[PDB]
Amino acid sequence: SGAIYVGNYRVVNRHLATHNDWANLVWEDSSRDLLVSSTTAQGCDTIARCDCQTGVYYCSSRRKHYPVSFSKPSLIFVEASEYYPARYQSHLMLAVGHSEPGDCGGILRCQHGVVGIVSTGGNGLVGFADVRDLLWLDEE
Ligand SMILES: O=c1ccncn1CCO
Ligand SMILES: [Zn+2]
């Protein structure tokens, strides 16, 4: 589990979105595993605006933050998980690291702020859904 709290937006994995999230929907994309909903209180996170390929992510299944190198956001084939079939996922970044299904929502951050959230795992890789292209998260 995990979210990004930027302004009056809550960014979650689409597959973990709650009824309250869908009842307050701003934007969702199944191909990216992302959903954004509205919040009453302002959030403590800043979104990275950059093309960094090094950062640190939080891994709940280890209680640890790991420094990683990661690929630029791509369209990637993902094998079946407990929450999705084998499919193509867009705006995905891969690193070598530990990721189980419950690690989804862990933040990846660089020197500029929050890059994305854990979205995929297995075979010794961790995939992150990028949010740095979502410039509208910073305004209105
Ligand atoms: O801090 C750690 C590290 C590894 N396993 C457990 N704990 C306790 C709280 O979950
Ligand atoms: Zn950066």
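Count residues from 1 along the sequence. Atoms considered below: every heavy atom in the structure, side chains included; atoms not considered: hydrogens, waters and symmetry mates. Note that ligands are numbered from 1 as they come in the structure, with each ligand's atoms numbered from 1 the same way.
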>> Under a plain distance cut-off of 3.5 Å, with no hydrogens placed, do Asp33 and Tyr84 share a side-chain donor-acceptor pair?
In response: yes
> What N, O or S atom of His112 is found closest to the Zn ion (ligand 2)?
Replying inline: ND1
> Which one of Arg62, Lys64, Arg63 has a non-hydrogen atom at the shortest distance from atom 9 (C) of ligand 1?
Replying inline: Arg63
> Can you name the closest pair of heavy atoms from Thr46 and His112 and give their distance?
Replying inline: CG2-O, 4.2 Å
>> Just to confirm my numbers, could you give the angle made at the Zn ion (ligand 2) by SG of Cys52 and SG of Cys50, rounded to 10°?
In response: 110°
>> Less than 4.0 Å from atom 3 (C) of ligand 1, is there any heavy atom belonging to the protein?
In response: yes
>> If you take the centroid of each ring, where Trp contributes its six-membered ring, are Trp136 and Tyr9 closer together than 6.0 Å?
In response: yes
>> If I compare all heavy atoms of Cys104 with all of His15, which pair ends up nearest, and what's the gap?
In response: SG-CE1, 3.7 Å
